[PDB]
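J.: Partial complex follows, first chain(s) only, in situ:
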Amino acid sequence: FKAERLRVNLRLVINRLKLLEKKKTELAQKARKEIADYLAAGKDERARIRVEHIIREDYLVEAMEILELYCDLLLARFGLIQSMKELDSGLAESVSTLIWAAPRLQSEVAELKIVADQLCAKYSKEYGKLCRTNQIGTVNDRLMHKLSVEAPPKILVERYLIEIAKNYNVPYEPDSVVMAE
């Protein structure tokens, strides 16, 4: 385990997350316009897939915001990392989430895997790849939900479509079966 390596990788992860969330917000605007165009036509069951894409990306942007927050938290309390040998309570959440989410966002942010390495190679109490996955039952549940790979609720998709239609001056008749239940 190297400390300065972890510091540099944390700063890089922060910068990368900033860039990614910016450009993802922009792409989300453009793809929302695309969904509005799709709704202009009679194609409805396809706009639901497109808006699934959109809300997945939005969950992802929120999760990246949370991860940037946690990385900056670790970077603000880095000396408290170097001094102690076991992490305190103030850093349990950050370390846990940054180790749990690394394989999730490993493709988007590469340096995150190095951060996970330095945070797994520094600890031995319930640590190590195997024990690091075993002791991952203390991560932020909200971030787990944002990065949860699951079909979003249908009613949520209908609400997303209703709002986009209402904004882009396009008519849309929600599926009452899901819109009312």
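T.: Everything's here; your move. Numbering: from 1, shown residues only, chains lettered A, B, ... in the order given.

J.: Okay, the residue nearest the centre of chain A and residue A:83: tell me how far apart.
T.: Centroid check for chain A by Cα atoms, centre = their mean gives residue A:63 as the closest residue, at 2.6 Å. Relative to residue A:83, residue A:63 is positioned 30 Å away (Cβ to Cβ, to the nearest Å). Bear in mind the C-beta positions are built from the backbone N, C-alpha and C, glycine included.

J.: and what of residue A:61?
T.: 34 Å.

J.: So these two - more neighbours on which side?
T.: Shown here are residue A:61 and residue A:83; by other Cβ atoms under 10 Å, residue A:61 has more neighbours (18 against 8).

J.: What is the strand or helix carrying the more buried one packed up against?
T.: Assessed by DSSP states H and E, residue A:61 sits inside helix A:45-76. The contact analysis (3 or more Cβ pairs under 8 Å, 6 or more residues apart in numbering; DSSP states H and E) places helix A:45-76 against helix A:3-40, helix A:92-100, helix A:141-146, helix A:154-168.

J.: Just put the ones you listed in JSON lines and tack on mean neighbour count and distance to residue A:52.
T.: Converted to JSON lines, these look like this (neighbours: other Cβ atoms under 10 Å; distance: least, Cβ to Cβ, whole Å):
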{"stretch": "helix A:3-40", "mean neighbour count": "16", "distance to residue A:52": "10"}
{"stretch": "helix A:92-100", "mean neighbour count": "21", "distance to residue A:52": "24"}
{"stretch": "helix A:141-146", "mean neighbour count": "16", "distance to residue A:52": "15"}
{"stretch": "helix A:154-168", "mean neighbour count": "16", "distance to residue A:52": "6"}
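
J.: Chain B goes on too:
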Amino acid sequence: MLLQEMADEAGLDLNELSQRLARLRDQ
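T.: Okay, chain B now, added to the rest:
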């Protein structure tokens, strides 16, 4: 915005939401 300003200046015509979507995401 640039297109809107240029149109309005020329007098012719051409032929926010994120917060509501976030509030909806909070559920």
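
J.: once more on what packs on helix A:45-76, this time with chain B?
T.: Judged by 3 or more Cβ pairs under 8 Å, 6 or more residues apart in numbering or on different chains; DSSP states H and E, the packing partners of helix A:45-76 are helix A:3-40, helix A:92-100, helix A:141-146, helix A:154-168, helix B:17-26.

J.: again, 6 Å this time
T.: helix A:3-40, helix A:92-100, helix A:141-146, helix A:154-168 (3 or more Cβ pairs under 6 Å, 6 or more residues apart in numbering or on different chains; DSSP states H and E).

J.: hmm, back to that, excluding its backbone neighbours, what's nearest the residue nearest to the centre of chain A?
T.: Using Cβ to Cβ, 6 or more residues apart in numbering or on different chains and skipping the chain neighbours, the partner closest in space to residue A:63 is residue A:146 (3.8 Å).

J.: residues in contact with the one you found?
T.: Each residue near residue A:146 by Cβ atoms under 6 Å, 6 or more residues apart in numbering or on different chains is listed here: A:59, A:62-63.

J.: and with 8 Å instead?
T.: A:59-60, A:62-63, A:66 (Cβ atoms under 8 Å, 6 or more residues apart in numbering or on different chains).

J.: Compare the residues you listed and tell me which is most surrounded.
T.: Counting neighbours by other Cβ atoms under 10 Å in any protein chain shown, residue A:63 leads the contacts of residue A:146 with 24 neighbours.

J.: Just the residues contacting the helix or strand where residue B:7 lies, thanks.
T.: Under the criterion DSSP H and E, the helix or strand holding residue B:7 is helix B:2-10. Contacting residues not belonging to helix B:2-10 are listed as B:13-14 [Cβ under 8 Å, 6+ apart].

J.: okay, it in CSV with CA atoms only?
T.: Extracted in CSV, the C-alpha atoms of helix B:2-10 (Å, rounded to 0.1, in the frame of the first residue of the first chain):
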residue,chain,number,x,y,z
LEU,B,2,-27.9,32.3,-29.8
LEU,B,3,-30.5,31.2,-32.3
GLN,B,4,-33.4,32.8,-30.4
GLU,B,5,-31.5,36.1,-30.1
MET,B,6,-30.5,36.1,-33.8
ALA,B,7,-34.1,35.3,-34.7
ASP,B,8,-35.6,38.0,-32.5
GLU,B,9,-33.1,40.5,-33.8
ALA,B,10,-34.0,39.5,-37.4
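
J.: Also put chain C in, sequence below:
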Amino acid sequence: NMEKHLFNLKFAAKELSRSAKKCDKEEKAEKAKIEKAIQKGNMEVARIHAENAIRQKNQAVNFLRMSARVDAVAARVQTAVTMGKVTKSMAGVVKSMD
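T.: Now chain C, sitting on the chains shown earlier:
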């Protein structure tokens, strides 16, 4: 050796400044083109030229800031080079006077 690196740094700064100027000029031209296209009624060509103009504006600002940064770094390196020559000369003088 370091003098060559200083020369390359100053050259890169000047190149960035020139590119910023050129991009500002191109923005000024694309504004004329978008005005023409909005007169003709072309919405898509107006969109294209607006994208080009905004891109040129932003990249010109970026090139200008970048050239400012490289100018600061090159001024610092030039100061370091001159002071290194001075320090070497004063070391030689100290040896001879000793």
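
J.: so, the contacts of residue A:146 revisited with chain C in the model?
T.: A:59-60, A:62-63, A:66.

J.: Between the residues you listed, which sits nearest residue A:7?
T.: Residue A:7 lies nearest to residue A:66 out of the contacts of residue A:146, by Cβ to Cβ, at 20.3 Å.

J.: Nearest residue to that closest one in space, please, no chain neighbours.
T.: residue A:143 (5.0 Å).

J.: Check whether residue A:21 really touches residue A:65, as I assumed.
T.: Yes - taking contacts as Cβ atoms under 8 Å, residue A:21 lies within contact range of residue A:65: 6.4 Å.

J.: Can you tell me what sits against stretch A:5-20?
T.: A:64-65, A:67-68, A:71-72, A:74-75, A:78, A:81, A:108-109, A:111-112, A:114-115, A:118-119.

J.: do that again at 6 Å, thanks
T.: By Cβ under 6 Å, 6+ apart, stretch A:5-20 touches A:64, A:68, A:71, A:75, A:109, A:111-112, A:114-115, A:118.

J.: got JSON lines for those residues, with distance to chain C and neighbour count too?
T.: Formatted as JSON lines, the contacts of stretch A:5-20 follow (distance: Cβ to the nearest Cβ, whole Å; neighbours: other Cβ atoms under 10 Å in any protein chain shown):
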{"residue": "A:64", "distance to chain C": "23", "neighbour count": "24"}
{"residue": "A:68", "distance to chain C": "23", "neighbour count": "18"}
{"residue": "A:71", "distance to chain C": "25", "neighbour count": "24"}
{"residue": "A:75", "distance to chain C": "24", "neighbour count": "16"}
{"residue": "A:109", "distance to chain C": "24", "neighbour count": "23"}
{"residue": "A:111", "distance to chain C": "24", "neighbour count": "20"}
{"residue": "A:112", "distance to chain C": "27", "neighbour count": "26"}
{"residue": "A:114", "distance to chain C": "28", "neighbour count": "19"}
{"residue": "A:115", "distance to chain C": "28", "neighbour count": "25"}
{"residue": "A:118", "distance to chain C": "30", "neighbour count": "18"}
